[PDB]
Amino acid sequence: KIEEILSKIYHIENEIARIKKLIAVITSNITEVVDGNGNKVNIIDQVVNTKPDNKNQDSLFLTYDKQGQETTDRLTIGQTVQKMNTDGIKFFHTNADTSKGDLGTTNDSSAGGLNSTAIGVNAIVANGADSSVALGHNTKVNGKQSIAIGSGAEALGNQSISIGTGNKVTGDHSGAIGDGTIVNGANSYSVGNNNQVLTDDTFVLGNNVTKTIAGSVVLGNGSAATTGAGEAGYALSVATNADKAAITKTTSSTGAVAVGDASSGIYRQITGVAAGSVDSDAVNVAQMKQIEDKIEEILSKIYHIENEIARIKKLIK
């Protein structure tokens, strides 16, 4: 039947028009979608940058340059993400060499401690160094609640602080601010350069200090504490018993305050010193001068007495 054939052909013609219609809309249907605001978003434009422009501050592909405070627009979302990943995010940038790390294949930081933070090239917090902080190239922290900041700073004791270039703090509850200093003493602190602090409860504000005593305080370039407890003070042997005990009562109890190093010819005046009042207060030159002046007054009475006696001796004869 012709009419049966014609009807099949009309139907097919209708199916074909409908097919072409479907085909038409597929694309726009697959790539164009509505986000949760009701904005139509094109999936392709979210993944591939349709118009790169380093100056377009609204680009979803934008990166913040690690130096110079400008931006760079990337080609795909993955590129953007990996640039962030290696060159930094805004306000957090590390400019790195191509070295190998001490622990693994990268030169990443390594935050090994629970609640630890590690920042910078080869900045390492050890496993177990909990609540610790490393910030800087080659920093290393092995202690709990410890801090290393700087180039090669190491904070290796518990509650250790190491700020500056290449200080190494092994003492617990200890620290060093400066460069090239080592602190092995516990409860000991150094401010300055090239110090070595082996003793406990020791403080150094100085450079090139290497001789200390526990409990000591060393002040200034090249000073040295070499004395501690039990140094008998200088006393006049012609002194009374009560006066010798008052001196003895002030006998040293612990490491000295050192302001120089007589060994090596290093001596500092102490200036701006108020007259002492009580037994263990320092004495100033004014207080010594009153004594000197009295010595002179005594000497002058003696000279006169000697004069009198000489005359008396002659008068007798």
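Start at 1 with the first residue shown and count on from there.
Annotation for 69 to 77 versus 227 to 235: the higher mean temperature factor (C-alpha) is found in 227 to 235. Two stretches are in play, 86 to 94 and 101 to 109, and the higher mean C-alpha B-factor belongs to 101 to 109. By the numbers in the PDB entry, the CA B factor is greatest at 263 among 269, 263, 284, 59.
Take 246, 197, 218, 214 and read off each C-alpha B-factor from the entry; 246 has the highest. When the modelled residues of the chain are ordered by C-alpha B-factor, residue 120 sits in the lowest third.
In the PDB entry, residue 143 places in the highest third of its chain by CA B-factor. In the deposited entry, the Cα temperature factor of residue 210 sits in the middle third of values across the chain's modelled residues.
Remark: residue 251 belongs to the middle third of its chain, ranked by C-alpha B-factor as recorded. In this PDB entry, residue 2 carries a Cα temperature factor that places it within the highest third of its chain's modelled residues.
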